[PDB]
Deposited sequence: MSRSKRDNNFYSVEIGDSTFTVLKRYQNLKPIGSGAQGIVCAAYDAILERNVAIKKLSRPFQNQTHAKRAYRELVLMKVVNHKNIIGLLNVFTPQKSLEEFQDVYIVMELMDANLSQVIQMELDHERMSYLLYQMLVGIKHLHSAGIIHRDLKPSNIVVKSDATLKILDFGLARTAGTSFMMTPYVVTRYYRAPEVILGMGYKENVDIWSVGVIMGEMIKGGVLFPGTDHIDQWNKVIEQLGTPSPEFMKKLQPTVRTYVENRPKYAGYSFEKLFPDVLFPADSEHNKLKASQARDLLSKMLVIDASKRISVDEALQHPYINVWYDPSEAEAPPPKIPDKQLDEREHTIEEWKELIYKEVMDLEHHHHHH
């Protein structure tokens, strides 16, 4: 017919290249439902994510644009691989959906947290996140939204990061949730939490909303420094400064031996170093928090360190693009469209 065709997966219509068969729903990442599919040409499992009229709204479009450009221009063993993009509508007039085809991993970290890792796994996984993160950063991209749902792993122990349709609940760094102003290590809090979660084997802060975290968080790490409170908005300083005050617990009492696996044959892969790294990462005040390089140089992580993994040449953006403008509906559509057509 016209290369495309249509299946109903529940209430959603996927329209895709005939080469993509046997679609199964596998989940929904921020801005789109995603199908697993068999790719008849490559002879390979793939993943198809659909963004239905992504130009709909200011929010949506900003993110979809970011995601598009980024997914093109960024390439690395620890960042989900792009394989194909398309719309099945044959004109800018008639264009409404975008389809991004990616590699299919086995699972999201949700997931690894659940099971009982040895140290070389915990470390290696973490090393892989950090390396992927260093890559994004080396081109001034800051993810701001790293969490287990948006990080995927394979049953050969590789890990890749999904998502920049947010990149530029309590996994987000405080500097971020407190409208505070941020920097690259805003992504290191994310990792600190995730590692913390890997060790504990479940949720780190048994806390519901995007400020019921806060209390469970401060309850445990302890109320942040006075001369960090300044840095806050008077709007916000009031709220924080008003909360009860907590001493916190040591990292030994928060992450005690019993929770870690046996100290490995290897020198540096020990609960005392893991605890060390963690306590340098899971810090509330960003200017007191370790950077990605330091985390990479840290005895727990550096055992895998590989200059050719970690020091790849940055992606290069046009910096013409860096969402430095808001737009109207029409323009976005055109932009996305240009961008998608550019990707065919």
Checklist outcome for this item: Numbered from 1 on the deposited sequence, the unmodelled stretches are 1-6, 175-188, 365-370
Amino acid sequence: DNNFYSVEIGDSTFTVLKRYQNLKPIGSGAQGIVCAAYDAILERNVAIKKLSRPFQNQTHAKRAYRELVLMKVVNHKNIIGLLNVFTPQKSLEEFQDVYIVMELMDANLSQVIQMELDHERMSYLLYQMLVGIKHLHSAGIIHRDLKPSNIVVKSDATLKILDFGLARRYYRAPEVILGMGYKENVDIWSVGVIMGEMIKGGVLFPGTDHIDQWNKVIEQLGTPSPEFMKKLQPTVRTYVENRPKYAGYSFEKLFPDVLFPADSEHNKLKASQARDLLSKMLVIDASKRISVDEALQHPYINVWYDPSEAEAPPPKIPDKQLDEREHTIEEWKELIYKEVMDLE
From here on, numbers count along this sequence of modelled residues.
Checklist entry - Averaged over C-alpha atoms, is the B-factor higher for 83-91 or for 185-193 in this PDB entry? => result 83-91
Item to check | Mean Cα B-factor comparison, 46-54 or 315-323, giving the higher one as deposited | outcome: 315-323
Item to check | Per the PDB entry, maximal CA B factor within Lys160, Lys147, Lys270, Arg168 | outcome: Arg168
Checklist entry - Considering only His76, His119, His210, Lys154, which residue's Cα atom bears the greatest B-factor as recorded? => result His210
Checklist entry - By the record's CA B-factor, is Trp332 among the lowest, middle or highest third of residues in the chain? => result highest
Next on the checklist: Ranking the modelled residues of this chain by C-alpha B-factor as given in the entry, is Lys231 in the lowest, middle or highest third?
Outcome noted: highest
Checklist entry - Hey, what third does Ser291 fall into on Cα B-factor, ranked over its chain? => result middle
Next on the checklist: Per the entry's values, where does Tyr246 land by CA temperature factor relative to the rest of its chain, in the lowest, middle or highest third?
Outcome noted: middle
Next on the checklist: Looking at the temperature factor on the CA atom of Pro206, which third of the chain's modelled residues does it land in?
Outcome noted: highest
